[PDB]
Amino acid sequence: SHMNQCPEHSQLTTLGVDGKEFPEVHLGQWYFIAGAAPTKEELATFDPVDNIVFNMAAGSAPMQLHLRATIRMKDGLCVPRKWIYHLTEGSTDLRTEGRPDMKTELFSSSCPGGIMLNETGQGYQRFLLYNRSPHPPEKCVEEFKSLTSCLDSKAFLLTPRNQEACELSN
């Protein structure tokens, strides 16, 4: 029996020589590229968004990362966000304090310079695609849509990225 798998994708792992290269390898800037979810409503929050730039930094205490983002809305306005992720020994999963109920799984990406998140939470799930480049190859994005659709997240949103990034700070 055959023809019943989704394209190859793997969860990031802290295993193997170079395992403790997580998280330092992923620090720095990222751009939001696309989302996919079981329903359009799980992506609705992104509909007035033109682009988002993020900066991930080492935290102010041991197992913690500082995330900063500025959202360019389609109306030109810039909205800054900030939060803290918590890391756990031997895992690449992210947890944020609101709430203990949600987790974020990290997956490797066919996009060079890309990463995919799988966000799980109360009554919802969505897949989120980021890249170091604000303009990764269209093929990367097609592959993310094809993968997420195979995983039954068929509602898809591509961020337009027509306008300049808002300023962030590193």
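Each residue number is its position in the shown sequence, starting from 1.
Legend: mean Cα B-factor per stretch from the PDB entry, 97 to 105 versus 112 to 120; the higher mean is in 97 to 105. In this entry, the higher average B-factor at the C-alpha atoms falls on 16 to 24, of the pair 144 to 152 and 16 to 24. When the C-alpha B-factors of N51, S133, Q29, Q64 are read from the PDB record, the largest value belongs to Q64. Sort the chain's modelled residues by C-alpha temperature factor and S169 lands in the highest third, per the entry. In this PDB entry, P80 carries a Cα temperature factor that places it within the middle third of its chain's modelled residues. In this PDB entry, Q163 carries a Cα temperature factor that places it within the lowest third of its chain's modelled residues.
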